[PDB]
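Participant: Handing you this structure, nothing more for now.
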Amino acid sequence: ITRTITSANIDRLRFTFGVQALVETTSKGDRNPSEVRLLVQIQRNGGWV
Amino acid sequence: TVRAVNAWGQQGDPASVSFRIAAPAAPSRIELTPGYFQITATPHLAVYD
Amino acid sequence: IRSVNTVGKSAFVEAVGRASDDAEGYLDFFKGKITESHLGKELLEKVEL
Amino acid sequence: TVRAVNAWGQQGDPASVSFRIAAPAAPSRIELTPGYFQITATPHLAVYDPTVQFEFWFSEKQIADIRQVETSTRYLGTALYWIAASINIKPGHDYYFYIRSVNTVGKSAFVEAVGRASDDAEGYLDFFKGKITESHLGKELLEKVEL
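Residue numbers (PDB author numbering), protein chains in the order written: chain D, 100 to 148; chain E, 691 to 739; chain R, 789 to 837; chain H, 691 to 837.
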């Protein structure tokens, strides 16, 4: 995504992420977890660490 | 509608959500197997309830 | 047939069912077992002659 | 873990207890009564679990692995007992029922029970005694008999 905040008087950054749904439906019904994974990275000059 | 109140009992601005409760969906498909002077009817919904 | 639960009842769905109409499949199980006495009396008396 | 607190909010030493919630036990004894082109399967449990039901799956033939039931067999349904009756069911051929105990907590391991039809034609034909009069016979026998 990236947004280039480039503010001046910031101290800490808080990210509000999430998932719209997490069910794992199967045939005939029922549901199970889903194992979603996300990653938050910083610019750090040239290398996104 | 949910409102927040502080230690002095002052409620905050309301936040609203909406939902619905409706009758279940009608059966999608019908399996009518025949037999000896008998009929076995099994309905199935598009989404399991 | 209509989907019903505690919340309410759904609209009806009409399904047309028929019997087996496959007598021969059941007669195959009847193979070689009707010996003499199952036949009607008219055939019994005619056959005895 | 339960702790006691006095009027000043000071919690005391903890006391602990442990328990478990597991899937219901698999069915122990299965009664497969036969009938006219039909098989009635009634599973049973060593100990009765009010909340339990049984998933019945049908297979016209056996499978080497009992873990393929969810794909290699036809899921008959869920009940306390199941009756299977169709023209595809014929006496003299064995069938298999993969049944497992299920409830809200979870599903038990499958148990396979082999069922057979009645294969007792004479008992049913006794009810056919002296009643097939003339017209049920095939046309070939009708014309042969009339001569």
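Every residue, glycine too, gets a C-beta built ideally from N, C-alpha and C.
Closer than 8 Å, Cβ to any Cβ of chain R: which residues of the stretch 777-798 of chain H, in chain order?
Facilitator: Within the stretch 777-798 of chain H, the qualifying residues are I777, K780 and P781.
Participant: Taking 8 Å as the cut-off, does the stretch 764-781 of chain H touch the stretch 806-818 of chain H (at least 3 CB pairs, one atom from each stretch)?
Facilitator: Touching, per the Cβ criterion.
Participant: Along the beta strand (DSSP E) that carries H:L722, what are the first and last residues, could you check?
Facilitator: For this step, residue 722 of chain H is matched to residue 32 along the fourth sequence. Taken as a continuous stretch (DSSP letters only), the beta strand (DSSP E) holding H:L722 covers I720 to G725.
Participant: My guess is that E:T691 and E:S706 are in contact by the Cβ rule of under 8 Å, so how many angstroms apart are they, rounded?
Facilitator: Taking the first residue of the second sequence as position 1, residue 691 of chain E is located at position 1. Taking the first residue of the second sequence as position 1, residue 706 of chain E is located at position 16. Between E:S706 and E:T691 the Cβ distance is about 5 Å, and since that is below 8 Å, they are a contact.
Participant: If you measure between the beta carbons of R:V801 and E:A716, is that distance less than 7 Å?
Facilitator: Your numbering for residue 801 of chain R matches position 13 in the third sequence. Your numbering for residue 716 of chain E matches position 26 in the second sequence. Yes. Within cutoff.
Participant: Are the stretch 746-761 of chain H and the stretch 787-797 of chain H in contact at 8 Å, needing three or more beta carbon pairs?
Facilitator: Yes: the two stretches touch, three or more of their Cβ pairs being nearer than 8 Å.
Participant: Do H:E745 and H:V795 have their C-beta atoms closer together than 7 Å?
Facilitator: Start at 1 with the first residue of the fourth sequence, and residue 745 of chain H comes out as number 55. Start at 1 with the first residue of the fourth sequence, and residue 795 of chain H comes out as number 105. Not in contact: H:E745 and H:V795 (Cβ atoms no closer than 7 Å).
Participant: Would you mind giving the Cβ-Cβ distance between H:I773 and H:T823, rounded to the nearest angstrom? I have them listed as a contact below 8 Å.
Facilitator: For the purposes of this step, residue 773 of chain H is taken as the residue at position 83 of the fourth sequence. For the purposes of this step, residue 823 of chain H is taken as the residue at position 133 of the fourth sequence. In fact, because the Cβ distance is near 33 Å, the residues do not count as touching under 8 Å.
Participant: How big is the Cα-Cα spacing for E:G725 and R:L832?
Facilitator: On the second sequence, position 35 is the one that residue 725 of chain E refers to. On the third sequence, position 44 is the one that residue 832 of chain R refers to. Distance between the alpha carbons of E:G725 and R:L832: 32 Å.
Participant: Taking D:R102 as the reference, give the member of D:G146, D:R136 and D:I141 with the closest Cα.
Facilitator: As a position in the first sequence, residue 102 of chain D is number 3, starting the count at 1. When each option's Cα is compared against that of D:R102, the closest is D:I141.
Participant: CA-CA distance, E:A713 and R:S798?
Facilitator: Here residue 713 of chain E is taken as the residue at index 23 of the second sequence, counted from 1. Here residue 798 of chain R is taken as the residue at index 10 of the third sequence, counted from 1. For E:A713 and R:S798, the distance between alpha carbons rounds to 6 Å.
Participant: Among the residues of its own chain, which have a CB less than 6 Å from the CB of H:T768, if the five just before and after it don't count?
Facilitator: Looking up residue 768 of chain H in the fourth sequence gives position 78. The residues are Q743 and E745.
Participant: Would D:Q119 be called buried (16 or more neighbouring beta carbons within 10 Å of its own) or exposed?
Facilitator: Here residue 119 of chain D refers to the residue found at position 20 when the first sequence is read from its first residue. Per the 10 Å Cβ criterion, exposed.
Participant: Which chain E residues are close to D:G128, counting only those with a beta carbon under 9 Å from its beta carbon?
Facilitator: Here the question's residue 128 of chain D lines up with position 29 in the first sequence. Correct list: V737, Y738 and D739.
Participant: Can you have a look at H:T763 and say buried or exposed, based on whether 16 or more other CB atoms are within 10 angstroms of its CB?
Facilitator: Your numbering for residue 763 of chain H matches position 73 in the fourth sequence. It is buried - the Cβ of H:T763 has at least 16 other Cβ atoms within 10 Å.
Participant: Are H:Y765 and H:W747 closer than 7 Å when you measure CB to CB?
Facilitator: As a first step, residue 765 of chain H is located in the fourth sequence; it is residue number 75 there, counting from the start. As a first step, residue 747 of chain H is located in the fourth sequence; it is residue number 57 there, counting from the start. Yes, these two residues count as a Cβ contact at 7 Å.
Participant: Could you tell me which chain E residues have their CB closer than 9 Å to the CB of R:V835, listed as they occur along the chain?
Facilitator: Taking the first residue of the third sequence as 1, we reach residue 835 of chain R at position 47. Under the 9 Å cutoff, chain E gives no residues; its nearest Cβ is about 29 Å from R:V835.
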